[PDB]
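Sequence lines, in order, name chains L and H.
Counting from 1, one number per residue, gives the positions in the first sequence under the numbering used here.
Counting from 1001, one number per residue, gives the positions in the second sequence under the numbering used here.
Beneath this line is the structure, given in structure tokens, with notes to follow.
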Amino acid sequence: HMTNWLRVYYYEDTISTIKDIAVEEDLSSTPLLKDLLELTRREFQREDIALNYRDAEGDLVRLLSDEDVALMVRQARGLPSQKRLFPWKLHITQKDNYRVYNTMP
Amino acid sequence: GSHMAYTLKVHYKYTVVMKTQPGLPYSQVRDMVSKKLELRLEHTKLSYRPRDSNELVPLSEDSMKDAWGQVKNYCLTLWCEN
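Below you can see the structure in the form of structure tokens.
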């Protein structure tokens, strides 16, 4: 069985649920932001969202451009298991849900 | 210059991360944060945490060098008011 799977965290307020999404593209590869947005629309049927990743310090970081996406993939701490999972995981939030960000000094 | 890669992490209503050169002047740091957050320059009000403080202090031309002294693991963290 040869499906590649992107695991995504889908947030309702500060708790997420997990959904694994079939992706044709190579496990090694770097998507464009616009393609991740179209993937999230097909799977969750909304466009009022932001995409994010969690950095090495534990802070959630909003993706705003293709270059941010490339940083996410580059930092990716995933070990290849036999599960065919992308090594980075996508965090999806309501665009006005600011409670998920560690912005407090 | 340095062989390492530095970032600016900025906490606005949301958090962003961008590549930076270490030691940039305030004018350029403000400008890059303003562009990243799609904010008018004049509405881009940044602060940093000084050595061993719980309190933030305003970022400015004058305090920029001190701010760069607070880099941790190749990252300078700033806060953007609002």
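Beta carbons are placed, not taken as given, at the ideal position from N, Cα and C, and that holds for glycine.
Check                                                                                              : Outcome
Whole-angstrom distance between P80(L) and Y1012(H), CA atom to CA atom                            : 34 Å
Nearest neighbour of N102(L), chosen from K19(L), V23(L), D48(L) and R62(L) [CA to CA]             : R62(L)
Min CB distance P105(L) to chain H below 8 Å                                                       : yes
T1044(H) burial status per 10 Å Cβ neighbour count (16 or more: buried)                            : buried
Where the segment 13-37 of chain L meets chain H: residues whose CB sits under 8 Å from a CB there : none
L1056(H) vs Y1048(H) beta-carbon contact at 8 Å                                                    : yes
8 Å contact criterion, which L1037(H) and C1080(H) should meet: CB distance rounded                : 7 Å
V73(L) versus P1050(H): straight-line alpha-carbon distance, rounded                               : 31 Å
Beta strand (DSSP E) segment containing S1047(H), residue limits                                   : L1046 to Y1048
DSSP bridge partner residues for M2(L) (one or two, in chain order)                                : Paired residue(s): none; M2(L) is not in a bridge.
Under 7 Å by beta carbon: chain L residues contacting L1039(H)                                     : By Cβ distance, chain L contributes nothing, its closest Cβ being about 13 Å from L1039(H), past 7 Å.
Straight-line gap, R84(L) to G1069(H) (C-alpha atoms, nearest Å)                                   : 42 Å
Beta carbon proximity, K1036(H) to chain L, threshold 8 Å                                          : yes
Assigned exposure category for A56(L) - 16 Cβ within 10 Å defines buried                           : exposed
First and last residue of the uninterrupted alpha helix (DSSP H) at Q1021(H)                       : It is not in any alpha helix (DSSP H) - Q1021(H) carries neither H nor E in the DSSP assignment.
Minimum Cβ-Cβ distance from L90(L) to chain H less than 8 Å                                        : no
Environment of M1064(H) [buried if 16+ CB atoms lie within 10 Å]                                   : buried
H1011(H): contacting residues in chain L (beta-carbon distance under 9 Å)                          : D59, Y101, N102, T103, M104 and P105
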